[PDB]
Amino acid sequence: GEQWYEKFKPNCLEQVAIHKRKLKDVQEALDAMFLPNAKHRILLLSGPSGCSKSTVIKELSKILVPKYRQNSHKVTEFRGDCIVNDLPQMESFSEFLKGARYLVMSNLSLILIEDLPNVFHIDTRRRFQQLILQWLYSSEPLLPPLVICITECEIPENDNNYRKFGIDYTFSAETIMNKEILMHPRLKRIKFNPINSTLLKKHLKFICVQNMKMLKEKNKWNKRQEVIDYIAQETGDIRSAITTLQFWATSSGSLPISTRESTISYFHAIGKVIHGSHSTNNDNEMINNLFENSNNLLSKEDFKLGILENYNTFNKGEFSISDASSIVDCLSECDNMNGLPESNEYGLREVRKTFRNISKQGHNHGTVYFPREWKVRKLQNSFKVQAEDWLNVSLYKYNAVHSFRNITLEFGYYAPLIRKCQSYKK
Amino acid sequence: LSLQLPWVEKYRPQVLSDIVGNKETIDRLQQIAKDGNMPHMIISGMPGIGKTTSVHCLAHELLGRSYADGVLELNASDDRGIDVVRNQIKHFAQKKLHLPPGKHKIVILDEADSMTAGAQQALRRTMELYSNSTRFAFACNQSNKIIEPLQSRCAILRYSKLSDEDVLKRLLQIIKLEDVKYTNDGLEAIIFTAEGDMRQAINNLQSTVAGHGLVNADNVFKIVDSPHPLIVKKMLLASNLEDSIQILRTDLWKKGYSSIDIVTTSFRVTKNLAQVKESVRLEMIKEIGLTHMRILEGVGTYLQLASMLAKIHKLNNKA
Amino acid sequence: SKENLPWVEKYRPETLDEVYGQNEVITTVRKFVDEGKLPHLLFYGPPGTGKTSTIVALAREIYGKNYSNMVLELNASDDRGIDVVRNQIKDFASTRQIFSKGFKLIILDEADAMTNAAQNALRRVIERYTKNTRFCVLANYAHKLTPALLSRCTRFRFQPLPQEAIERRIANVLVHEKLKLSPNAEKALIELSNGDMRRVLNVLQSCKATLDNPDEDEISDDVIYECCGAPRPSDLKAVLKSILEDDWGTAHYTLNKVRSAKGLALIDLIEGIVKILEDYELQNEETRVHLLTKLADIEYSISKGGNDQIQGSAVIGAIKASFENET
Amino acid sequence: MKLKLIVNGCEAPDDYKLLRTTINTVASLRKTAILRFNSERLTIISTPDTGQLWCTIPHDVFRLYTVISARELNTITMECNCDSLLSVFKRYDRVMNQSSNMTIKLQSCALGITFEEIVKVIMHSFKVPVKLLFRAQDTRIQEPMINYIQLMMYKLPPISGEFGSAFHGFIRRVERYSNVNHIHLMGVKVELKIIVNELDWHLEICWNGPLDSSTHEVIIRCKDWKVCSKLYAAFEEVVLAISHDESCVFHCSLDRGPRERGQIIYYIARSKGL
Amino acid sequence: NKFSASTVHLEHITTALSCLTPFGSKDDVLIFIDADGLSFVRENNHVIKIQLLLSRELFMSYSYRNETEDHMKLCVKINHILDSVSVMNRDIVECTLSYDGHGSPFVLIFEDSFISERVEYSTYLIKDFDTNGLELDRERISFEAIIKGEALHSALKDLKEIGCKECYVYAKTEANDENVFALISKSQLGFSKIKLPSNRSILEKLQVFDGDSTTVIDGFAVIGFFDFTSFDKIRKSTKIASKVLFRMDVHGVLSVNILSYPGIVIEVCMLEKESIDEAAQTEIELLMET
Amino acid sequence: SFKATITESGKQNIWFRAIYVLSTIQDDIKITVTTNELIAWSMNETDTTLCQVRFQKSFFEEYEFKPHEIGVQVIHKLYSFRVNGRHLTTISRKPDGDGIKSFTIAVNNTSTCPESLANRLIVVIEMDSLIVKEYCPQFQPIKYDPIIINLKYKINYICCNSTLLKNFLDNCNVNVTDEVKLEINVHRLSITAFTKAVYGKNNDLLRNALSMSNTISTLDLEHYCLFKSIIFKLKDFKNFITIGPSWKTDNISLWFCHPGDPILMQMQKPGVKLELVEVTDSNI
DNA sequence: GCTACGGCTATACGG
DNA sequence: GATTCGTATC
Ligand SMILES: Nc1ncnc2c1ncn2[C@@H]1O[C@H](COP(=O)(O)OP(=O)(O)OP(O)(O)=S)[C@@H](O)[C@H]1O
Ligand SMILES: Nc1ncnc2c1ncn2[C@@H]1O[C@H](COP(=O)(O)OP(=O)(O)OP(O)(O)=S)[C@@H](O)[C@H]1O
Ligand SMILES: Nc1ncnc2c1ncn2[C@@H]1O[C@H](COP(=O)(O)OP(=O)(O)OP(O)(O)=S)[C@@H](O)[C@H]1O
Ligand SMILES: [Mg+2]
Ligand SMILES: [Mg+2]
Ligand SMILES: [Mg+2]
């Protein structure tokens, strides 16, 4: 009389739908974080939705927290719905983190933060970033272990005017946690992957064998295998798979089986645009589905830069120069359309059509990379700082003004070979 | 001095039996009503195909007498933020309402595609703790708008466009219950202009009967207009340039359609076109994009549309 | 004080019988109001077609002496965000009638320039309060509206004003102002307006101003062309003939003479040549493509500014090159 | 840096009142008020269009004012959290309202503020974190110079005088309004005309009482005008000076004398020109 | 000047104008000027209207030298006027309200011997609609009740404190000299009612008619479903009031007369919500049976 | 099921203050009704701060309780339910300009009540002007768990007068200092509301170090049984202290043994019993 | 004298 | 989506 993702829930660590390597590394990290030494303070779990990112922490705490606790068992999940009377919503998480640090000896309990505060609001987002930053840099000799399961999901289109970006596009850990936290030596980011087909089939078969009377009663036990295979091959979400299986089993008719559609990742979308999709051989259908399901990813200028930086992976880069010229020319034309959706459609349709007429069997492809634009902009900012310093020291010594363009082109190069080459002589 | 409900509201379905179209989905909803074990659902489809009416009918047939305090119909018109999800939805879900066996409260979050991200994140938490007593019933035109973590624990029932037979059946029921003189060609024209939208067909029939009386093709077409996505497809697929130019100048320009609308409809039709080569399709998309840029800059004129048609015909027929 | 008004504001129709042209829409809404029930309307069409003068006249004819407390009008000149839609419209359309007069009309002029969030929040207000409130939507661009909002709105298309309606309105304006207009000048007004009453009214006001004696003098075609700086058909035909037949030097000289003796702009001449070239034989299909593409490019360049002489030479060369595909 | 100052209220109700007024003003203006502790006196700096506040607190104010440092003329500069200083001064004046001096020291930086209260030895320790600035930044922070080319020092009526309450009301006339952002002060050979011009809301507040001290005009922000009005309430001697389209000077002075006089000056930069 | 009125007491007019504060905080107001005095009419969303009257006897130098019009109307803002009349005092500040006809600012000259403040406000064209639209019909009054100002103010403050998203009005009279008048609140806490006392000190008079304003009936309850966002617009108005009179007709229009020179009379009118739910009235009636 | 009336000014004030503080501890206040006393308690989201208020039968003028209702929990028989704190705190507040003549709270889950009263608490407020206000806040029946700490903690014992403590707490602010360092010595007793500082990457200053302190005496201590440098939170401590003086009928007792065992608090009234438990730090 | 209240203010949120 | 490496298992 309830949903099948409950009741038929994992009871031990073996029942958890997770790969062996993932389980072993998560357990190693947890055991390292429960030692008296505090090499790692927080464990930043991340991954797609419903990838056993929550059901494994409780099972680990069932056989880890009591062992290392003192004598004189579960988690301390943060409730984001508790509206305290004399407490602002920003201060709710502050109080949570300031009261959860007292669980060290005789009160040890893992701190699980899955439902993050409204990080879409800038003020509380930076307050949370500061609070977790204080946790890493805390002078406290002993702190309890802490886990932040940031479920990555593609934030859909919104009516927010600007509100910067990042958290308005994706709900990844990089859009919530800042670079200082990610690169902190005491942070361990163990990412999670979608559940493999084998474990999904195993668990679905376990559910089916645990309830077969109604399956055979509704002449579905003989058709169970195809349904299980289709469900385990269409989605990598365990909870969604169980819900779909329950919906199909409880039903009585010929309703087609449907499941949630996964969002195509950035590298995945780049590969689909460059190489294609094995499922669909029609370019128009694939492009239309890609734009309809994920338009927040194909609209960013990074994806065009991604194609520009990754189209040299087809046949390791041995394709004709004319194809590359056409691709880059059309990319420039799309850049010259001020971000219209038509330009976004054309810049991918042309690439897919070009990489279709030259598709040759038995040609190894290379690897892709993120566009090298952040490095370039950081170097440009460094050069800006250098030019500003040079012009500042220039005006302080002598009354001569020099334009930044000339500094970049002429002054910048000759300034060392003049000043430092005469410092030698002094 | 009107006091007369529109035909859209007048013959609104109150049972899960007169809802035409999507026979399998309606049968599944009937099974849910019979049993009561309603799972979380996210109904998705084109506008005006019974998405909201089906949810309301299933809520009426599940809660029954407890419909007054068993359903919380929230919508885009009402305030839907993180605060409202954390207080009103939380209290409604947390409410201990006695219900018949196998019955759960139905939080009707209609137009859930327009909800804020933080509200959906709080919905995740409230649904994780309150799903043994309450069952959320989302209703949106696009399932992708609802975040995947929410879709993880919600069953998906995507609605399809109503066929020309179910719409005809419901229209005939309305005609019989209203005693309206009809013509076969008139009903065919109503179905054609409906484009699978039952509410639009009902509105067109009501307008035709109230303004002209007898419902035939002439009276339907003298008040309702042929869909412009079809004239756009006709002009884009015209082999000869003169034919397309005439189809534009007489059926989209003098008819009173803005150039920007003509460009957007052309882009959509090209996206959803068929029997055209991929290179031709992308070249047409590029031409439509150039024309769209020219329209947006402020050069919106018939000349730009004619140039777009000329470019399309040139890339279709070569040199 | 109505005399101290622009002719586009003091000639605004006050009753449905003064809204010429849109006869089908007027008849349909009259049938609706006479039969009591009025569906949620949506008026669409080019600007200046009477999409507001019709709805305001309908509101006046429905709510006599009560056009103020029964009708709420919101336009782009005021904020129409989420808060406005969720508070003001809801409060107005959620209250009982003043004197049980009927339903509460809500006129949303220029609803195209509205955020999609507001357009989606308005739909449930429209559907949940349809018993005592009927919404009217005025928009010039249909692509700006949510498809669901279009679904829950009966669509009336305000087509460009036909020649007969504009002629009748011009006759009424002439009678009211005691003016005289030549039939050729009236046809020039028809072609200049291209389905827009406000353009005709403004040009007539400017012509009356341009006349030394607005009483004993007749507004001729020359006045109608001089007051707006528009090219006469004769000069456009001469320019087209010079470009199509004479050599490059004489064509350029004729173009310069036409654009200098009267001050005519180049874009107006381009539009006139385009219009005169539509009803041409042009057997070869490539000539049409060349003409349309090159003239559109030149018009786009003119819209961004530049050298008028170079643009005119480009026009001449483009037309000559396009008509070389003829032979 | 053995900075150890001692403040008391009962033995002198004027110097402590001046110190409290300065602390309240610097707290109201902005955060992180600079404290330039010299050997001769003390200056509570408040430097960000935005106005600047400068005061001269004589060493006679503090019973054991000792500032010893290796820098020039024993100059110690230390930016401090004025909010915490405001809180501790509020606590101390609450203690006085309810005979222990407010002894302060520089513990390590940190201000070892402490004072006892009797309801009963209730020692209220109020350590406040404080930074220490260098000479280069201290030399960078300097009091602005006002050229007296035509600066007219309109002598404001004393508070104790009969006209004092009327002039205070005249100053606060524009405060009660809500849509007031910029105030166009005008001074003529003398009377004060508080004139505020908007799109439709006109204002011609004028003072008719006798005043002591061509025309002078300046436009200043109403945010600083409330601060000036609050300052005018405490100090008996008050001088308001107007620079023609250049600046505005609200010169307050507390003549302790013999004994060094204390003054506080707030320079207002015309938010917009004439 | 066509109009010129001088007053010595500013706190009274200040409170009278501040009674309009709960309405649009920064918007336009209409000021009718006639021989009787000057008035302030404010309407929000065409659902609620408030009218404040200041009689001639309140002032001391009322002239009204205009002759071409029986009444003179002008549209100005509210915040600036309230701030000007909030001048308080130290010596009486004699206001010099003036208006020199069409195209002239509504000048407020304040003289305090030492201070000669003069304030001018430009006039906006018109509200441009029939203001007299919320007036109740004096033939179909459903009920007429009089309640003291303090009790109603306390009840409205209590409703505001507990949220009170929507409000109901319950009025019923019995032949056994037992009259019941109370307000129901649909808030986050559910349906909460506030029963006013039947004593004549609180409720001086209660007469439930039958849509004719003449026949008094017993056992019939008049339900008025009013949105509280408009019902709280007169919360502070009753705070300075002595007696408050309630009038609601069958047209769903509430009329509240507030009275504290013959004092100040505040005549407000409110529209009634459509009451979509049929069971809402039924459940209110069932709740009122206890 | 039960009925309890509060016909007094001070009793109503202390009831409102206790409800407000329990709301400032957790979003929903949990109330357990018994045949001898009314117990309202709240617990933090981290299971670290727990406060229980026990209004005895003598607190209510008419405290009836009939557990013969058809949830119910048996150990004596007591009925427990959970109600929203933010909804109960806006009911018990004293209106300004008027006075609460009678404040009674009751519920009847029997078959007599209709669906409108089903799972709806009844609280009735009567003004001095005879104005009667009715509210129906919703509730959900739950089960009560008595945390056995007071029976086990009764380790050093400290009894101090709450006047100076309350003054120091109201002088403190919950946004600048979030710690309480209660240090008691044989010579003097000191309470410091300090704040640990957090250093950034390049030895920056991420968190300030406000160190408000207060030392009074040892003789003034009513009972200083040393038989200590304990540290705990501040925000809940101030509210629990301010609970008491709201009734004009004031001291408080301290219980703590080890840095791991939570510190126990208890201050009593003629009809109100107050208890607070806070988990401290074990950083020796 | 203390109160209960009017005005001030620090401020979490708003758009 | 493609590559390289890596166990685990039938
Ligand atoms: N064999 C199984 N393996 C994993 N989860 C299972 C299994 N059987 C049932 N479940 C349920 O499926 C759900 C999966 O939970 P998790 O994926 O761990 O949570 P999650 O990853 O945080 O999901 P999100 O990110 O909140 S959408 C839980 O409710 C489990 O109780
Ligand atoms: N299958 C159907 N059978 C009968 N009437 C229908 C059907 N689908 C829609 N309608 C009519 O459509 C009108 C309202 O339909 P809705 O369910 O509100 O539209 P919708 O499917 O929810 O699309 P949106 O997104 O809400 S615009 C009523 O007049 C219904 O009678
Ligand atoms: N049918 C008509 N007959 C006579 N005058 C008309 C007619 N339609 C429009 N006009 C005139 O044109 C003016 C502008 O028309 P409106 O109805 O106010 O605006 P509109 O036609 O809706 O165009 P937009 O989209 O609002 S800019 C009116 O005030 C009339 O003077
Ligand atoms: Mg989880
Ligand atoms: Mg719907
Ligand atoms: Mg218009």
# chains A, B, ... in the order shown; residues from 1 in each chain; ligands from 1
$ residues_around --residues "residue 114 (chain F)" --least-positions-apart "4" --cutoff "10 Å" --atoms "only C-alpha atoms (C1' of nucleotides)" --output "list in words"
residues 286 and 287 of chain E; 109, 110, 118 and 119 of chain F
$ write_last_selection --atoms "N, CA and C atoms" --output "tab-separated table (two decimals), in the first residue's frame"
chain	number	residue	atom	x	y	z
E	286	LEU	N	-21.79	26.15	9.95
E	286	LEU	CA	-21.68	25.04	10.90
E	286	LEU	C	-20.81	25.41	12.09
E	287	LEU	N	-19.70	26.11	11.84
E	287	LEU	CA	-18.83	26.55	12.93
E	287	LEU	C	-19.54	27.54	13.84
F	109	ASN	N	-11.03	14.85	21.18
F	109	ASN	CA	-10.95	13.94	20.04
F	109	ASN	C	-12.02	12.86	20.06
F	110	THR	N	-13.06	13.02	20.87
F	110	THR	CA	-14.13	12.04	20.94
F	110	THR	C	-15.01	12.11	19.69
F	118	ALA	N	-11.83	17.78	14.25
F	118	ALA	CA	-10.98	16.60	14.25
F	118	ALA	C	-9.52	16.99	14.11
F	119	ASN	N	-8.69	16.55	15.06
F	119	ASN	CA	-7.26	16.86	15.09
F	119	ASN	C	-7.03	18.37	15.06
$ interface_residues --of "chain A" --to "chain G" --cutoff "12 Å" --atoms "only C-alpha atoms (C1' of nucleotides)" --output "list in words"
residues 87, 88, 89, 90, 91, 121, 123, 124, 159, 160, 161, 162 and 163 of chain A
$ write_last_selection --atoms "N, CA and C atoms" --output "PDB file, in the first residue's frame"
ATOM      1  N   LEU A  87      15.150  33.270  14.511  1.00  0.00           N
ATOM      2  CA  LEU A  87      16.323  32.851  13.758  1.00  0.00           C
ATOM      3  C   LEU A  87      16.124  33.118  12.271  1.00  0.00           C
ATOM      4  N   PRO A  88      16.944  33.976  11.665  1.00  0.00           N
ATOM      5  CA  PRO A  88      16.866  34.165  10.213  1.00  0.00           C
ATOM      6  C   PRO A  88      17.257  32.891   9.480  1.00  0.00           C
ATOM      7  N   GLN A  89      16.727  32.742   8.263  1.00  0.00           N
ATOM      8  CA  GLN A  89      16.962  31.522   7.498  1.00  0.00           C
ATOM      9  C   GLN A  89      18.441  31.312   7.202  1.00  0.00           C
ATOM     10  N   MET A  90      19.196  32.394   6.996  1.00  0.00           N
ATOM     11  CA  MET A  90      20.639  32.259   6.832  1.00  0.00           C
ATOM     12  C   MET A  90      21.285  31.718   8.100  1.00  0.00           C
ATOM     13  N   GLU A  91      20.828  32.186   9.263  1.00  0.00           N
ATOM     14  CA  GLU A  91      21.384  31.740  10.533  1.00  0.00           C
ATOM     15  C   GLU A  91      20.970  30.321  10.903  1.00  0.00           C
ATOM     16  N   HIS A 121      20.166  31.957  -3.637  1.00  0.00           N
ATOM     17  CA  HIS A 121      20.246  33.313  -3.100  1.00  0.00           C
ATOM     18  C   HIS A 121      21.707  33.574  -2.752  1.00  0.00           C
ATOM     19  N   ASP A 123      23.369  35.839  -0.955  1.00  0.00           N
ATOM     20  CA  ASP A 123      23.795  36.148   0.406  1.00  0.00           C
ATOM     21  C   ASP A 123      23.966  34.889   1.249  1.00  0.00           C
ATOM     22  N   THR A 124      22.937  34.039   1.291  1.00  0.00           N
ATOM     23  CA  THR A 124      23.044  32.813   2.072  1.00  0.00           C
ATOM     24  C   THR A 124      24.017  31.831   1.434  1.00  0.00           C
ATOM     25  N   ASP A 159      13.300  32.835 -15.014  1.00  0.00           N
ATOM     26  CA  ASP A 159      12.994  34.227 -15.310  1.00  0.00           C
ATOM     27  C   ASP A 159      13.868  35.201 -14.527  1.00  0.00           C
ATOM     28  N   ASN A 160      14.847  34.699 -13.779  1.00  0.00           N
ATOM     29  CA  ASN A 160      15.781  35.564 -13.065  1.00  0.00           C
ATOM     30  C   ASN A 160      16.513  36.466 -14.048  1.00  0.00           C
ATOM     31  N   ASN A 161      16.615  37.753 -13.706  1.00  0.00           N
ATOM     32  CA  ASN A 161      17.151  38.728 -14.652  1.00  0.00           C
ATOM     33  C   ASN A 161      18.601  38.419 -15.006  1.00  0.00           C
ATOM     34  N   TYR A 162      19.524  38.632 -14.068  1.00  0.00           N
ATOM     35  CA  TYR A 162      20.887  38.158 -14.274  1.00  0.00           C
ATOM     36  C   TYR A 162      21.284  37.163 -13.192  1.00  0.00           C
ATOM     37  N   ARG A 163      21.246  37.604 -11.933  1.00  0.00           N
ATOM     38  CA  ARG A 163      21.657  36.816 -10.765  1.00  0.00           C
ATOM     39  C   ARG A 163      22.910  35.984 -11.052  1.00  0.00           C
TER      40      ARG A 163
END
$ residues_near_ligand --ligand "ligand 2" --cutoff "6 Å" --atoms "only C-alpha atoms (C1' of nucleotides) and all ligand atoms" --output "ChimeraX atom specification"
/B:8-9,11-13,19-21,47-53,141,170,198-199 /C:148
$ residues_around --residues "residue 285 (chain A)" --least-positions-apart "2" --cutoff "12 Å" --atoms "only C-alpha atoms (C1' of nucleotides)" --output "ChimeraX atom specification"
/A:276-277,279-283,287-293,349 /B:271-274,278
$ atom_distance --atom1 "CA of residue 52 (chain E)" --atom2 "CA of residue 14 (chain E)"
12.1 Å
$ closest_residue --among "F:93, F:76, F:57, F:3" --to "chain E" --atoms "only C-alpha atoms"
F:93
$ select_by_dssp --residues "region 142-240 of chain C" --states "alpha helix (DSSP H)" --output "MDAnalysis selection string"
chainID C and resid 147:151 163:177 183:193 197:210 221:226 233:240
$ residues_near_ligand --ligand "ligand 4" --cutoff "8 Å" --atoms "only C-alpha atoms (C1' of nucleotides) and all ligand atoms" --output "list in words"
residues 50, 52, 53, 54, 55 and 114 of chain A
$ atom_distance --atom1 "CA of residue 204 (chain B)" --atom2 "CA of residue 140 (chain B)"
24.3 Å
$ residues_around --residues "region 314-316 of chain C" --least-positions-apart "4" --cutoff "8 Å" --atoms "only C-alpha atoms (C1' of nucleotides)" --output "list in words"
residues 243, 248, 251, 252, 270, 294, 295, 298, 310 and 320 of chain C
$ closest_residue --among "B:148, B:225, B:218, B:166" --to "ligand 1" --atoms "only C-alpha atoms and all ligand atoms"
B:148
$ residues_around --residues "residue 102 (chain B)" --least-positions-apart "3" --cutoff "10 Å" --atoms "only C-alpha atoms (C1' of nucleotides)" --output "list in words"
residues 1 and 2 of chain A; 35, 36, 37, 38, 62, 99 and 133 of chain B
$ residues_near_ligand --ligand "ligand 3" --cutoff "7 Å" --atoms "only C-alpha atoms (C1' of nucleotides) and all ligand atoms" --output "ChimeraX atom specification"
/C:8-13,18-22,46-54,109-110,139-140,169,197-198
$ write_last_selection --atoms "N, CA, C and O atoms" --output "compact mmCIF listing (two decimals), in the first residue's frame"
# COMPACT_ATOMS: atom_id res chain seq x y z
N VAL C 8 -5.34 62.07 -34.06
CA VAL C 8 -5.34 60.65 -33.73
C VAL C 8 -5.95 60.37 -32.37
O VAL C 8 -6.23 59.20 -32.06
N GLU C 9 -6.19 61.39 -31.55
CA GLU C 9 -6.76 61.21 -30.22
C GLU C 9 -8.17 61.77 -30.09
O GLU C 9 -8.95 61.23 -29.29
N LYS C 10 -8.53 62.79 -30.86
CA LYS C 10 -9.88 63.33 -30.82
C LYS C 10 -10.80 62.69 -31.85
O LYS C 10 -11.99 63.04 -31.90
N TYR C 11 -10.30 61.76 -32.66
CA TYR C 11 -11.11 60.99 -33.59
C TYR C 11 -11.22 59.53 -33.14
O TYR C 11 -11.58 58.66 -33.92
N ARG C 12 -10.89 59.27 -31.88
CA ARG C 12 -11.00 57.92 -31.34
C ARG C 12 -12.46 57.53 -31.23
O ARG C 12 -13.24 58.27 -30.61
N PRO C 13 -12.88 56.41 -31.81
CA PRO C 13 -14.29 56.01 -31.72
C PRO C 13 -14.72 55.79 -30.27
O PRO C 13 -13.97 55.26 -29.45
N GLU C 18 -18.64 53.25 -34.74
CA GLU C 18 -17.63 54.13 -35.33
C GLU C 18 -16.31 53.42 -35.60
O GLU C 18 -15.39 54.05 -36.13
N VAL C 19 -16.20 52.13 -35.27
CA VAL C 19 -15.00 51.36 -35.57
C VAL C 19 -15.17 50.69 -36.92
O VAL C 19 -15.71 49.58 -37.01
N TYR C 20 -14.71 51.36 -37.98
CA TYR C 20 -14.88 50.83 -39.33
C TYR C 20 -13.86 49.73 -39.60
O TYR C 20 -12.87 49.55 -38.88
N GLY C 21 -14.11 48.97 -40.66
CA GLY C 21 -13.19 47.94 -41.10
C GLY C 21 -13.42 46.58 -40.50
O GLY C 21 -13.77 45.63 -41.21
N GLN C 22 -13.23 46.46 -39.19
CA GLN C 22 -13.32 45.17 -38.50
C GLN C 22 -14.79 44.83 -38.28
O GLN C 22 -15.29 44.75 -37.15
N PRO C 46 -1.87 44.24 -36.82
CA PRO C 46 -0.90 45.33 -36.94
C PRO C 46 -1.30 46.52 -36.08
O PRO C 46 -2.48 46.67 -35.73
N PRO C 47 -0.35 47.38 -35.72
CA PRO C 47 -0.69 48.56 -34.91
C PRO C 47 -1.60 49.53 -35.65
O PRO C 47 -1.53 49.65 -36.88
N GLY C 48 -2.45 50.24 -34.91
CA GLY C 48 -3.35 51.20 -35.50
C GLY C 48 -4.55 50.60 -36.21
O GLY C 48 -5.17 51.28 -37.04
N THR C 49 -4.89 49.35 -35.92
CA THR C 49 -6.05 48.70 -36.53
C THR C 49 -7.33 48.86 -35.72
O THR C 49 -8.40 48.48 -36.22
N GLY C 50 -7.25 49.39 -34.51
CA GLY C 50 -8.43 49.61 -33.70
C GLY C 50 -8.65 48.55 -32.65
O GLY C 50 -9.79 48.27 -32.27
N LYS C 51 -7.56 47.95 -32.17
CA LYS C 51 -7.64 46.92 -31.15
C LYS C 51 -7.99 47.47 -29.77
O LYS C 51 -8.50 46.72 -28.93
N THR C 52 -7.74 48.75 -29.52
CA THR C 52 -8.13 49.39 -28.27
C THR C 52 -9.43 50.18 -28.38
O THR C 52 -10.23 50.15 -27.45
N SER C 53 -9.64 50.88 -29.50
CA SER C 53 -10.88 51.61 -29.72
C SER C 53 -12.09 50.70 -29.81
O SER C 53 -13.21 51.15 -29.54
N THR C 54 -11.90 49.43 -30.17
CA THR C 54 -12.96 48.44 -30.16
C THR C 54 -13.28 47.93 -28.77
O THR C 54 -14.45 47.87 -28.39
N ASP C 109 -3.90 45.75 -22.52
CA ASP C 109 -3.32 46.25 -23.76
C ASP C 109 -1.82 45.99 -23.78
O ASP C 109 -1.14 46.05 -22.75
N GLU C 110 -1.30 45.70 -24.97
CA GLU C 110 0.12 45.46 -25.19
C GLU C 110 0.64 44.34 -24.29
O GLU C 110 1.71 44.42 -23.69
N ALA C 139 -2.46 42.45 -28.36
CA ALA C 139 -1.06 42.21 -28.66
C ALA C 139 -0.82 42.34 -30.16
O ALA C 139 -1.67 41.94 -30.97
N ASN C 140 0.32 42.92 -30.52
CA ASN C 140 0.72 43.04 -31.91
C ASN C 140 1.59 41.88 -32.38
O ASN C 140 1.66 41.63 -33.59
N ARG C 169 -13.68 56.93 -43.02
CA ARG C 169 -13.15 57.72 -41.92
C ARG C 169 -12.58 59.05 -42.41
O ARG C 169 -12.74 60.08 -41.74
N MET C 197 -4.90 53.87 -39.39
CA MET C 197 -5.70 55.08 -39.29
C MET C 197 -4.88 56.26 -38.77
O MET C 197 -5.07 57.40 -39.21
N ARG C 198 -3.98 56.00 -37.81
CA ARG C 198 -3.21 57.08 -37.21
C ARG C 198 -2.33 57.79 -38.23
O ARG C 198 -2.18 59.01 -38.19
$ atom_distance --atom1 "CA of residue 131 (chain C)" --atom2 "CA of residue 6 (chain B)"
8.1 Å
$ interface_residues --of "chain C" --to "chain B" --cutoff "7 Å" --atoms "only C-alpha atoms" --output "NGL selection string"
:C and (28 or 31-32 or 36-37 or 39 or 45-46 or 86 or 101-102 or 117 or 120-122 or 124-125 or 131 or 141-143 or 148 or 151 or 154 or 159-160 or 289 or 292-293 or 296 or 300 or 303)
$ residues_around --residues "residue 251 (chain E)" --least-positions-apart "5" --cutoff "9 Å" --atoms "only C-alpha atoms (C1' of nucleotides)" --output "compact mmCIF listing (two decimals) with C-alpha atoms, in the first residue's frame"
# COMPACT_ATOMS: atom_id res chain seq x y z
CA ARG C 96 -18.21 40.69 -6.32
CA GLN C 97 -19.88 43.06 -8.75
CA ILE C 98 -20.62 46.65 -7.75
CA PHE C 99 -24.31 46.52 -8.73
CA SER C 100 -24.51 42.95 -10.08
CA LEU E 136 -23.57 51.47 -0.97
CA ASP E 137 -27.22 51.40 -2.00
CA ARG E 140 -31.09 46.84 0.36
CA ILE E 141 -28.99 47.10 3.54
CA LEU E 271 -16.19 45.19 -1.96
CA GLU E 272 -16.93 41.58 -1.04
